[PDB]
Amino acid sequence: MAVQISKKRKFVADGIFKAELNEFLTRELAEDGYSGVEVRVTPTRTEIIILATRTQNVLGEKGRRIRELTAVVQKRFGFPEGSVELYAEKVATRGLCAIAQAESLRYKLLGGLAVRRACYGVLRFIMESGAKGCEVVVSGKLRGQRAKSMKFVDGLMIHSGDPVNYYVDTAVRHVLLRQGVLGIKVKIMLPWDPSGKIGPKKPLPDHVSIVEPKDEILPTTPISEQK
Amino acid sequence: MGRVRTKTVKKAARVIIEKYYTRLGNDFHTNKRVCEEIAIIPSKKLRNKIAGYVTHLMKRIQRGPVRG
Amino acid sequence: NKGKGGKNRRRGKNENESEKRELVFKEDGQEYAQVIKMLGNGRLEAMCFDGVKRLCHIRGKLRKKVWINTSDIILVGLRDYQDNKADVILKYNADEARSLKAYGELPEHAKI
RNA sequence: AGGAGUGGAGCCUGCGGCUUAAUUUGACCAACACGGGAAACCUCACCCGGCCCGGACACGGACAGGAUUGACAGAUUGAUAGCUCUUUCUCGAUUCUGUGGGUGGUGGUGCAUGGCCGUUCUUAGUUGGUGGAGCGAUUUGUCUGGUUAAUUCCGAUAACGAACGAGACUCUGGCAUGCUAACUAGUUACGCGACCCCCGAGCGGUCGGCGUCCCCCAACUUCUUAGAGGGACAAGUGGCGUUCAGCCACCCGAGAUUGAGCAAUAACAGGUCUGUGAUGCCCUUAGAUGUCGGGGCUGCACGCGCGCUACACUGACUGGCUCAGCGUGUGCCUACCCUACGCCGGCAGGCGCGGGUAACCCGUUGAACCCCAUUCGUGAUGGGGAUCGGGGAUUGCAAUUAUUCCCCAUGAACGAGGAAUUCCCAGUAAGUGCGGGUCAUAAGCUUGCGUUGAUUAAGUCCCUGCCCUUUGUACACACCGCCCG
RNA sequence: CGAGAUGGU
């Protein structure tokens, strides 16, 4: 770069890069249980951290797939030789991640399991994992040539105002069967977690809580006490 | 117009008075400071509304019983 | 596109009597006819151009779709028995009826 | 109650009908300046012609005196397409050929589907668990009354305890001489320094006036930027309220309704396959429904929709003076950006030479209406500027069916608009100009910003509709229903 | 107490 690009173009181009990388990884690592990518920079080096539920499938027999993925990421995005490193990392609390639950429901349906038996199978596992509530939806040609939908729901679920940006986790997916495409949508509502990264640290806007009064003595008589 | 107070305000004010009656009085600006240290309230604008109805209830309790 | 009736009932699929309306001629067992009178009950009186008048009936596929009228031009299917009676197969627009007569397919009797 | 209108005129632009080789097509409150749809080519799907394989792979055949590839010249052709015909060089196992099978498609079905969006519907609405009532569909909770913008609160009570919507929440506007602290932001002051004026107590001065004239190794944060905190609660006083929940006026105060975003359950045969490597089934597949050349999308007796300019004197024309805010900027394949200053030309425009990847350069963004002086004189007039002749620049591979721009000339209808009908309550309506999108060339559209700034209301259910309750029914395809001679 | 019929998708 013989003269540097302006800050408006620089900040937009850095966002366009993260979007294409997330699409490539989404469709390479679908059955391997992918759920997100994180990227960080240091002098002469870029480190990419990738989250999945079955990390040994991301590596392969002696690390083959990490070496193949390092090669194609460098080849496509134009990094110089050896400046790119890929690290696989294991997903914590996989029942509270909406993308891993949308993909496992997609592969469970694609194997020929019945729709209600599959949907109550994930609805139980999300609520046993410690969510405050959830909503699962399937739609398309469910049983016959005319389209239908099903809602499955449990616990609490908010729809309006700013808290939706940090208390609700969501995913949408497609599955192709011999008669055409079905849609899947998954929503999960997270628990409040003061510190520990199960959920958000910020409380709900209308949850006031009062501290309890303690240990007073009702009677008194006048006395003095020297040190 | 409309100045009616919702159940989130009216319930929090009653629970404060049941526990801390001996701290409270008729000055809004002192009640506003007490309610900030005895409770966790997410918004400054909600804290002002709670201390307002607490100040209204203290002036009623000085005359006779309040059923709640 | 343009409606030409007026009602609540947008509940159907649109008629699209357009584009590849490929021109249809007779096979064996068929005739061209002009409507002379319309009766009740989904039936009509029609004259074909070789001069045998018949009582004629709307096929179940054309009900409440292809509205027939007096002096209109139609394609009719004959029966191998009961020669006084027949069934309607198609209606020709005044744009198609002139093309039939331009191909010499109709005697100089039909009105357009 | 009123304001500005629209419907009448000329022109722009979307739709139907007609015309045509083709004038590609979706859509009929909730279609018609809408598909971000401003088509010269491309886009491109339509119409007239011509090259090409970009037909994987499998099996069989043909084949190293050879499977196959490419081409000069003449004829041919819109054509410098070796397309094809005559001729005779060239390449080297990569192809060719028959059968099977694939592959592509702005082809068909939105009435086969996913995703997204619109609408019912801007209002206050919706639902389990355990208990009570009915053989049952169902019901109560979810209410007689008062109160609120609100299924918002009070209270009542065969129900008790909860969930979503509402509200809270997020962004934004108006206040801080208090805090943090600035050569990519300023002020004040002086060591002072410089130009101009004497108008000034008084000189041509220490001292006065004027400055986007210039240094500070002066002091500072009022004006600009932007981080943290503060502030408003129906909190205070007087009335009215089953004296509760609330409602009205007033003091003090920057301020006692700022404006947007997000939004439930259940639906619709609503729109979209022409946004997609989202997609089932059907069609087509070498004389192709997968690339180049030319034409069309603009065609004009006629009906309709959203708009621009006007009918003048509360004006038009010619000079002079003086004030904004929101933004964008060297294109990463893809090859283009925003402009000061000097010179040539009436103008559009041309040449030279610098700054800017931006609180740094265009830039103190010298904006329009408005403001001051002049000319015209109630005349289709010096109002209005449609229609049409001749000449000159700029973009581009190409401007004719006129791309856009400049100049002289020509000088239509129109004198405040029939029956009808739209939007609007305060920095609002209306007037007035400037940025962004689309862009090689270019707004009469749309999405934002500032500037000048009113009249009329503080209400009602009459007209068109929405919410809740009681009531009647021969309706459930649900009054655009059903039905008799 | 004016006049207020009818119904392809």
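Backbone N, Cα and C define each Cβ position, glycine as well.
In Swiss-Prot this protein carries:
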- A:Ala2: N-acetylalanine (MOD_RES)
- A:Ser6: phosphoserine (MOD_RES)
- A:21-92: domain 'KH type-2' (DOMAIN)
- A:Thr42: phosphothreonine (MOD_RES)
- A:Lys62: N6-acetyllysine (MOD_RES)
- A:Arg65: asymmetric dimethylarginine (MOD_RES)
- A:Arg67: asymmetric dimethylarginine (MOD_RES)
- A:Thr70: phosphothreonine (MOD_RES)
- A:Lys90: ubiquitin cross-link (CROSSLNK)
- A:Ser104: phosphoserine (MOD_RES)
- A:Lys132: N6-succinyllysine (MOD_RES)
- A:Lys202: ubiquitin cross-link (CROSSLNK)
- A:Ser209: phosphoserine (MOD_RES)
- A:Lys214: SUMO2 cross-link (CROSSLNK)
- A:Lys214: ubiquitin cross-link (CROSSLNK)
- A:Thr220: phosphothreonine (MOD_RES)
- A:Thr221: phosphothreonine (MOD_RES)
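For the recorded positions shown (A:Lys62, A:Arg65, A:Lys90), fewest C-beta neighbours within 10 angstroms: A:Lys62. The distance from the Cα of A:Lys132 (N6-succinyllysine) to the Cα of A:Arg65 (asymmetric dimethylarginine) comes to 37 Å.
Each residue contributes its Cα atom, and for A:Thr220 (phosphothreonine) and A:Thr70 (phosphothreonine) those atoms are 76 Å apart. Around the Cβ of A:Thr42 (phosphothreonine), 7 further Cβ atoms fall within 10 Å across all displayed protein chains.
All protein chains considered, the CB of A:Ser209 (phosphoserine) has 11 other CB atoms within 10 Å. Residue pair A:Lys90 (ubiquitin cross-link) / A:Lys62 (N6-acetyllysine) shows a Cα separation of 18 Å. Here the candidates are the modified residues A:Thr42, A:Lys62, A:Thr70, A:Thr221. The one whose C-alpha lies nearest to that of A:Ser209 (phosphoserine) is A:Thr221. Local packing around the recorded positions A:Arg67, A:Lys132, A:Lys214 was summarised as the count of other Cβ atoms within 10 Å of each Cβ; on this measure the leading residue is A:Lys132.
With an 8 Å limit on C-beta distances, the recorded positions from A:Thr42, A:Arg65, A:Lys90, A:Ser209 that reach chain B are A:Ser209.
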